[PDB]
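Protein chains in written order, with the entry's author numbering: chain H, 256 to 306; chain I, 205 to 255; chain E, 162 to 204.
So this is what it looks like as structure tokens:
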């Protein structure tokens, strides 16, 4: 929000962008490791179980 | 006292079904987080002697 | 603020502590210093 950037002593944007990018990386990594099949790529553990 | 800041943990994104691509669920979910802090302090040690 | 996605730990990081020091009005002194002074050199 607009009234939080002024309402602080330091900036808060770089933290936001970093958290977004790393959240993407974490989610994709976890989904590839053990993601299900419904709407998400099948995880290696799930593939090995179903085979 | 001395005080610094501790950067928070990690979030994650979400997988959207390709069916809901037209709607407003396309963007997905939201990531949130807040900082913390730590403190330091000292203690006193002394000894005396007479001659 | 606790309204956006990202926050801050406490108000101490949303505050400015100023070293400027201010005082209220004070009573004026009149009587201590209008009478003539008589120096002494003994008891």
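Heads up, the beta-carbon is just placed ideally off N, CA and C, and yes, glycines get one too.
Extent of the continuous alpha helix (DSSP H) to which residue i belongs
i             : result
residue 260/H : 257 to 260
residue 281/H : 268 to 289
residue 305/H : 299 to 305
Buried versus exposed, by CB contacts within 10 Å (16 or more), residue i
i             : result
residue 203/E : exposed
residue 282/H : buried
residue 193/E : exposed
residue 210/I : exposed
residue 292/H : exposed
residue 169/E : buried
residue 235/I : buried
DSSP-derived helix/strand/coil call for residue i
i             : result
residue 192/E : helix
Short Cβ contact (7 Å threshold) for residue i with residue j
i             : j             : result
residue 278/H : residue 237/I : no
residue 286/H : residue 295/H : yes
residue 275/H : residue 167/E : no
residue 165/E : residue 259/H : yes
Residue range of the beta strand (DSSP E) that includes residue i
i             : result
residue 241/I : 240 to 244
residue 208/I : 206 to 210
Whole-Å CB distance - residue i paired with residue j, under 8 Å assumed
i             : j             : result
residue 217/I : residue 233/I : 7 Å
residue 175/E : residue 262/H : 6 Å
residue 206/I : residue 244/I : 5 Å
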